[PDB]
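Once you've seen the sequence and the experimental structure below, I've got questions.
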Amino acid sequence: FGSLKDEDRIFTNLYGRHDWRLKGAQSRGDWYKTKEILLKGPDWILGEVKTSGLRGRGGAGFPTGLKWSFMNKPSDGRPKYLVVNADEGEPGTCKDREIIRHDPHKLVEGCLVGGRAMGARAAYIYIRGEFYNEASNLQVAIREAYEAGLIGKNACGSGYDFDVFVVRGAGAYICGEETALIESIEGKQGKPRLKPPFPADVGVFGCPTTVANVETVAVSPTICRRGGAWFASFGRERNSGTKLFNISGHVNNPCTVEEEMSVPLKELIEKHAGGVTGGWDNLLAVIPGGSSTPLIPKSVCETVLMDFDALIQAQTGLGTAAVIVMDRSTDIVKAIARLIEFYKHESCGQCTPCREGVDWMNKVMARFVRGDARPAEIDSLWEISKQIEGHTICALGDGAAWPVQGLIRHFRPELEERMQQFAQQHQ
Amino acid sequence: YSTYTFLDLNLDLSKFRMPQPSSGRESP
Amino acid sequence: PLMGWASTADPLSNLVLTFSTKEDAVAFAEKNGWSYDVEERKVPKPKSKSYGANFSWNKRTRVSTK
Amino acid sequence: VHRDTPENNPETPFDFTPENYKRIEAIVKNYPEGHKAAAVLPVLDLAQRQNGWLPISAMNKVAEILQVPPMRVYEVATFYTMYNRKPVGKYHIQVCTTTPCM
Ligand SMILES: Cc1cc2nc3c(=O)[nH]c(=O)nc-3n(C[C@H](O)[C@H](O)[C@H](O)COP(=O)(O)O)c2cc1C
Ligand code: SF4
């Protein structure tokens, strides 16, 4: 990992933000060399990302480099599409929508340059309609370029070019899975399918699709434009790259910054800009993932670098790329229930473990917080959480327990004493 | 900013410039 | 015609013996010497059922709201 | 809230402005043919827009356009959130309350 950073220069993977929002020639960075890329054999791009080997921003492992050079090697009778989440499911994510808001010109390229690797046919994106204003403008961004003849059907210089069809959702979590999105792109109700039909690259719209994420297809052109040998810059021999973090919930100026891997949380939280709560003596009870990781106390987290597998060393890792912390007044038990009260409303409801199994917790979590009937429950409530893992289809269950699974870990007494606080009270 | 009026957004440049589609059939 | 219990003769009327197989089934009708009849065992077709054929390009089997 | 309708506007009636039948030419043009069969997500919502909340005769209408049995619509309008089945106001306001927003 080198020098234990993760610095930020003007040399980064994102071109500009406050400079130019509208269309043009991509005055400096973008749309630079194209006809040379596409005219060379497609699999040249395939595995040429391996110089980086992006883990992927979809909240998981499984480097993006494999799945595209993965099946969808051949082609037979039926077209292939691209479905790239723009959605945000996790509370406090916020990383998305900043990419789109002030610089859309990147991703329409990101597909066209990207889609050629798939050998795909069309391009769908998807956006939660809950963003009405910013999402409305992409069409202009599509038009303001696409109208110039930059895309389709040969554009430019190849015999292969195809346009991008925006769509919208409503009350979606649906980006909560692939093999759901490709279902509610269709117009059924969205109940995500079983994971191994034929996994997500066989059963699809009518025909094989691949579900990418935003900065997985956003940073691909610039990492195939230059690459290197700088493609692997920070992070150890395992995880490599520089992703975006967006700090939220206590800071001086919670705001995004581009930061490379293996950055410790004690300098990163304090920096960009201040630590404005107590940098210490505010107890710094932290959540690595947005909703997908339980607490860490004042322990090795602060020295624990943000590298992925570095977090699997602790009791939980995070792929979500977000930060929420706390200081003093926020009662964690009080502040984790409204993370659970959230889950109960976003779940499909097919499976018997998820449905009727999350409420069993959510109905009891309003006992502990309020303070109420006796311990030895905690010992059970742990087993429930241990009882939903292989039992649910999607990850929302595997992402349902961890907050409670990792609350019972790391804080014993805060509960034990409160059940007394109402016990002595009853007396 | 334009509350209604997705029209030309959908039907102006998109309508003419979304070729072909071939899209096949699927009769079924 | 006092209560409505349905009283009866036909003193067998309730016996079910249980044999293990046909070859040894008829074995006990002859050996005790009364008439009889036979039915046949039934088991299903093989059969062919595959999930994941339920999402189809040109096929006519494509389910919605499952 | 309850998800059954007490026969409010079975015939409201309702219809689309003839300015809107020229866009639905463009929406269906997105998708491939023969699978089209659901554009329902924009098309059902565009109808909310023309009105401002969609009564039960709005749910029955699009079926006549999209030829799907109209329990393959009443379903989709009871899953998502953004659609409002009951009437509403001129401003429908939200307060984000979640762990960070808390
Ligand atoms: C509750 C939930 C919400 C999710 N929200 C998103 C999301 O908003 N955007 C996204 O790309 N993936 C989201 N995912 C995870 C998807 O699996 C992920 O997008 C998909 O695996 C693509 O990964 P990749 O493109 O990085 O390979 C969510 C998962 C869950 C369980
Ligand atoms: S958890 Fe069970 S129910 Fe909730 S979404 Fe994933 S699968 Fe559907």
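Received it, and whenever you're ready, just let me know what you need. Numbering: from 1, shown residues only, chains lettered A, B, ... in the order given. Ligands and ions are numbered 1, 2, ... in the order given.

For stretch A:60-68, measure first residue to last.
End-to-end distance of stretch A:60-68 (Cα to Cα, to the nearest Å): 16 Å.

hang on, I meant stretch A:285-295
Termini of stretch A:285-295 sit 7 Å apart (Cα to Cα).

so how far is it off the chain centroid?
On the basis of Cα atoms, centre = their mean, to the nearest Å, stretch A:285-295 sits 14 Å off its chain's mean C-alpha point.

what's it in contact with?
A:59, A:90-93, A:265, A:269, A:296-298, A:301, A:311, A:314-326, A:332, A:339, A:342, A:399, A:402-407, A:409-411, D:99 (Cβ atoms under 8 Å, 6 or more residues apart in numbering or on different chains). Backbone N, C-alpha and C define where each C-beta goes, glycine included.

cutoff 6 Å now
Contact partners of stretch A:285-295, identified using Cβ atoms under 6 Å, 6 or more residues apart in numbering or on different chains, comprise A:90-93, A:296, A:301, A:311, A:316, A:318, A:320, A:322, A:324-326, A:399, A:402-403, A:406, A:410.

how about the residues of chain C near chain A?
Within reach of chain A by Cβ under 6 Å from any Cβ of the partner chain, chain C has these residues: C:52, C:55, C:57, C:64.

Please spell out the PyMOL selection for the buried subset of the contacts of stretch A:285-295.
PyMOL command restricting the contacts of stretch A:285-295 to the buried ones, with burial defined by 16 or more other Cβ atoms under 10 Å in any protein chain shown:
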select buried, chain A and resi 90+91+92+93+296+301+311+316+318+320+322+324+325+326+399+402+403+406+410
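
Cross the contacts of stretch A:285-295 against strands and list the overlap.
residue A:324 (DSSP state E).

In helices only, show me the contacts of stretch A:285-295.
The helices, defined by DSSP state H, take in A:311, A:402-403, A:406 from the contacts of stretch A:285-295.

now for those residues, which pair is the farthest apart?
Farthest apart among the ones in helices among the contacts of stretch A:285-295 by Cβ to Cβ are A:311 and A:403. That separation is 15.3 Å.

Could you pick out the residues of chain D near chain B for me?
D:23, D:26, D:32-35, D:49.

Intersect the contacts of stretch A:285-295 with the contacts of ligand 1.
Near ligand 1, taking Cβ under 6 Å from any ligand atom as the test, the members of the contacts of stretch A:285-295 found are A:90, A:399.

Now do the contacts for residue 6.
No chain was given, so I picked chain A. Residue A:6 neighbours (Cβ under 6 Å, 6+ apart): A:234, A:259-260, A:263.

sorry, should have said chain C
Listed by Cβ under 6 Å, 6+ apart, the contact set of residue C:6 is empty.

Please, which helix or strand holds it?
Assigned by DSSP states H and E, residue C:6 falls within no helix or strand.

What's the separation between it and residue C:13?
Applying Cβ to Cβ, to the nearest Å, the value for residue C:6 to residue C:13 is 11 Å.

neighbours of the spatially closest residue to residue A:48 that is not a sequence neighbour, just the number please.
Once flanking residues are discounted, residue A:48 sits nearest to residue A:224: 6.0 Å by Cβ to Cβ, 6 or more residues apart in numbering or on different chains. Neighbour count of residue A:224, defined by other Cβ atoms under 10 Å in any protein chain shown: 19.
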